[PDB]
Amino acid sequence: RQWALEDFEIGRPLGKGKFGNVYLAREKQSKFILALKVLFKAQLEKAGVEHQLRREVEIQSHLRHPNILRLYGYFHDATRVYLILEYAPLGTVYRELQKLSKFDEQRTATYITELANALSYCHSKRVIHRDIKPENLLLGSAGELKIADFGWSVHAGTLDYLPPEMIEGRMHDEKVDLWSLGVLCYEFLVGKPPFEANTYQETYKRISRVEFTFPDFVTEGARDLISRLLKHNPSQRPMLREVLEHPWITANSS
Ligand SMILES: Cc1nn(C)cc1-c1nc2ncc(Cl)c(-c3cnn(Cc4cccc(C(=O)N(C)C)c4)c3)c2[nH]1
């Protein structure tokens, strides 16, 4: 059922990027609180990523999971294109990560579990999120994890979370999310991605050679899970099912 900008009351700016802007909004007749992401058609055409917005809508609208930010629908003004998303009251994991510096093993493995379930769901529907970052992770009213962005998501730039196979241009499958999950787990425990550098060029070879080191405070149980996930060879990477069954995850999930 088609919408309009006159059906909403726009509020606080939730986040701000170059693509567009995200605001808090409320539907006038139902008083429903939702996030209203605004996209401008002029840099949507200039970047020629009409596919992704079409794929973000097409994929995220039918995907339905407690750990996936729901897409309610969309519409477009004469000028810009407006997206109607679920509102996540407790904000991003990103800022939650820069305020706490790092996460403890319980909060970490809990996030990994919530992500695995959401990924085990997505994968069994032949969907690859590929772009798993903390900036795409939001928090629900109970503090649960919610995957948000699908603006690079398909069926089978910024490098820090991208696997060797993807950055070198090779054909990539649903195993690229297993790499991202490992990179994410690491960053949750340390506060910084395993392969971060000061240059795109250096980072590229950190990923390709798989060169990461553990600080001393990282437990052996975690070092094992991350090492299994960050294997250069996509076939050596565990299934999401054995990740859930991992001793460290099990002894430290909620
Ligand atoms: C933030 C925030 N604080 N509080 C109390 C609630 C929110 C919040 N609820 C949200 N619900 C849905 C969405 Cl799509 C968003 C949202 C908007 N931009 N973004 C992307 C983004 C990426 C990187 C940084 C930021 C940002 O502005 N901060 C402050 C972390 C944002 C996500 C949501 N953001």
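Each reported figure results from applying straightforward, stated rules to the coordinates on display, with no laboratory input. Heads up, the Cβs are rebuilt from the backbone with ideal geometry, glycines too, and the neighbour counts pull from every protein chain shown.
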Simple spin-label estimate for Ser227/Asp104, 7 Å along Cα→Cβ, in nm, reads 2.6 nm
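Would you kindly work out the equivalent ellipsoid of the stretch 118-166 from its C-alpha gyration tensor and give its semi-axes, the square roots of five times the eigenvalues, largest first in whole Å? If you can, show how the numbers build up before the last one.
Numbers: eigenvalues 81, 47, 14 Å².
Largest first, the stretch 118-166 gives 20, 15, 8 Å.
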In this structure, the FRET efficiency calculated for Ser61 and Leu90 from their beta-carbon separation, with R0 = 22 Å, to the nearest 0.05, is 0.40
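Grab the eigenvalues of the alpha-carbon gyration tensor for the stretch 94-225, scale each by 5, take roots, and send me the semi-axes largest first in whole angstrom. Can you show the working numbers first?
Values: eigenvalues 90, 84, 36 Å².
The three semi-axes for the stretch 94-225 are 21, 20, 14 Å.
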Calculated from DSSP helices alone, with each H run of at least 4 adding -39500 (n - 2.57) and the total divided by the residues of the chain, [θ]222 nm to the nearest 500 comes to -10500 deg cm²/dmol
Taking a straight Cα-to-Cα line shorter than 26 Å from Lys125, and setting aside same-chain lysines fewer than 8 residues away, one finds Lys37, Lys133, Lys146, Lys175, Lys231
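Could you give the length gained on full extension between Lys31 and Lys125, defined as 0.36 nm per residue of separation minus the Cα-Cα distance, in nm?
Values: separation 94, 0.36 × 94 = 33.84 nm, distance 3.32 nm.
Fully extending the segment from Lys31 to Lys125 adds 30.5 nm.
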Ordered by fewest other Cβ atoms within 10 Å, a rough proxy for footprinting exposure, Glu220, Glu196, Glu9, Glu96 read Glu220, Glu9, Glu196, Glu96
If unit charges are put on Cβ atoms (+1 for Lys and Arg, -1 for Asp and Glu) and the dipole of the chain is taken about its Cα centre, the option from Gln43, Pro194, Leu85 lying farthest towards the positive end turns out to be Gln43
Computed from the beta carbon distance with a Förster radius of 25 Å, FRET efficiency for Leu244 and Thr213 to the nearest 0.05 stands at 0.40
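Across the stretch 4-89, how large is the tail of the calculated P(r) beyond 19 Å, expressed as a percent of all Cα pairs?
Working: 1411 of 3655 pairs.
In whole percent, the share of Cα-Cα pairs in the stretch 4-89 beyond 19 Å is 39.
By count of other Cβ within 10 Å, fewest leading, how are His123, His65 ordered?
Working: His123 20, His65 17.
Going from least to most buried by this count: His65, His123.
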With no solvent term and unit scatterers on the alpha-carbon positions of the chain, Debye gives log₁₀ I(q)/I(0) at q = 0.10, 0.15 Å⁻¹ of -0.51, -1.12
In the chain the DSSP beta bridges are antiparallel at a rate, in percent to nearest 5, of 95 percent
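For a quick check: sort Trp152, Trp248 by the number of other beta carbons within 10 angstrom, fewest at the front.
Details: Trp152 16, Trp248 21.
Ordered by Cβ neighbours within 10 Å, fewest first: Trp152, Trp248.
To the nearest 0.05, what FRET efficiency results for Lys205 and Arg80 with a Förster distance of 45 Å applied to their C-beta separation?
Numbers: r = 40 Å, r/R0 = 0.88.
Here the calculated transfer efficiency is 0.70.
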